[PDB]
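Notes for the one structure printed next.
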Amino acid sequence: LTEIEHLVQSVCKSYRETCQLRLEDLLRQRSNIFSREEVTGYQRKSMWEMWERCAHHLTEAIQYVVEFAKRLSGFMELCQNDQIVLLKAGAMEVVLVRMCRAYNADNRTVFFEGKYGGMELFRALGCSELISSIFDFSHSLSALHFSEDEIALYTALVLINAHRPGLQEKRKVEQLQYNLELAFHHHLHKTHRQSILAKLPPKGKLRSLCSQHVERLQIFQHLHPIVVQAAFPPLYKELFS
Ligand SMILES: O=C(O)c1ccc(/N=C/c2c(-c3c(Cl)cccc3C(F)(F)F)noc2-c2cc[nH]c2)cc1
Ligand SMILES: C[C@H](CCCC(C)(C)O)[C@H]1CC[C@H]2[C@@H]3CC=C4C[C@@H](O)CC[C@]4(C)[C@H]3CC[C@]12C
């Protein structure tokens, strides 16, 4: 067998070990929807309590993406500068892509704190336009019916992007990128799923949405600093201040 069949297996294993929520659990829980009373309870919470909760969940989500990256063949052999450039630019883009597995397009709900709720759950945060954009992005991705292996290989390429500004060893990132591109393309051909390539989000759209999301998180962190369960000092240092 080729390096490439092994690389598909190792990327998918890295994803399985770090996916955070199991797809089978997410799909089984779709009928478990917050009641009108439970939605009102969330809408009445303080902006600042909803921010603490959401910030904790998002921090956590990012940490699973860091663990995913650490398991990607060659990622740990990149210099620390380049690891941090890639994670800073890509880890929240990966969280936004990972959201589609936890999103039900039939009723426009997301799995949050054990049940599915709509964007109105988050009313107290006063972010309706941005949250609507995040839901809309998941709605767009939901139409692809991404397999678990498609998510794994696609999100590896969201991270391993030799075009990110500020890389010091661009050729080393290019080598990992080309092998992951070949892995993804080989896998789509074998599964008769090449049709998804034309349907993937424009890179500018994911970048713009991620930038808007992180900017809003930065504003909340400035107004109301959180306690972070920090595991990755070089990455923490780049995002928190
Ligand atoms: O364990 C660690 O060391 C560690 C380090 C950093 C982490 N995340 C930083 C976040 C946040 C963010 C979040 Cl998730 C919540 C509240 C406030 C923020 C803020 F914006 F303020 F940074 N948003 O984007 C990123 C990010 C990370 C990579 N690219 C983007 C998470 C855990
Ligand atoms: C869109 C809403 C609100 C965003 C509020 C804002 C703009 C202040 O960050 C966020 C809040 C919590 C987020 C989830 C946290 C954890 C996960 C698990 C991960 O595997 C996939 C993504 C997901 C479901 C996040 C989706 C976006 C959520 C609901």
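Residue numbers (full-length UniProt numbering): 267 to 507. Don't be surprised by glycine CBs; every beta carbon is placed ideally from N, CA and C.
Reference residue i; option with closest CA among the options
i           : options               : result
residue 382 : 314, 371 and 363      : 371
residue 298 : 283, 472, 373 and 321 : 373
residue 469 : 290, 305, 287 and 355 : 355
residue 360 : 320, 385, 467 and 273 : 467
residue 478 : 489, 287, 423 and 396 : 396
residue 302 : 331, 384 and 358      : 384
residue 443 : 425, 472, 455 and 434 : 425
residue 328 : 401, 320, 357 and 427 : 357
residue 483 : 324, 267 and 286      : 324
residue 305 : 496, 390 and 459      : 390
residue 271 : 453, 285, 504 and 435 : 453
residue 465 : 399, 313 and 405      : 405
residue 288 : 332, 350, 345 and 369 : 369
residue 486 : 349, 350 and 313      : 313
residue 275 : 494, 446 and 495      : 446
residue 417 : 362, 432, 427 and 471 : 362
residue 461 : 497, 440 and 409      : 409
residue 439 : 505, 343, 330 and 378 : 343
residue 353 : 319, 433 and 403      : 433
residue 401 : 475, 495 and 294      : 475
residue 331 : 493, 316 and 280      : 280
residue 472 : 399, 503, 347 and 317 : 399
Rounded straight-line distance, which links the Cα of residue j to that of residue i
i           : j           : result
residue 307 : residue 388 : 11 Å
residue 339 : residue 499 : 22 Å
residue 380 : residue 367 : 14 Å
residue 415 : residue 278 : 6 Å
residue 282 : residue 459 : 20 Å
residue 335 : residue 300 : 33 Å
residue 326 : residue 413 : 23 Å
residue 448 : residue 491 : 43 Å
residue 431 : residue 421 : 19 Å
residue 419 : residue 349 : 18 Å
residue 309 : residue 268 : 53 Å
residue 321 : residue 435 : 33 Å
residue 285 : residue 489 : 31 Å
residue 290 : residue 333 : 21 Å
Local conformation of residue i per DSSP, three classes
i           : result
residue 268 : coil
residue 336 : helix
residue 380 : coil
residue 328 : helix
Residues sharing a beta bridge with residue i, DSSP
i           : result
residue 485 : According to DSSP, residue 485 bridges with nothing at all.
residue 492 : BP columns for residue 492 are empty, so no partner.
Ranges of the alpha helix (DSSP H) found wholly within the region 428-482, counting only runs of at least 4: If only complete runs of 4 or more residues are kept, the region 428-482 shows the alpha helix (DSSP H) at 436-457, in order along the chain.
Segments assigned beta strand (DSSP E), at least 3 residues, entirely inside the region 343-428: If we require 3 residues or more, the beta strand (DSSP E) runs fully inside the region 343-428 come out as 375-378 and 381-383.
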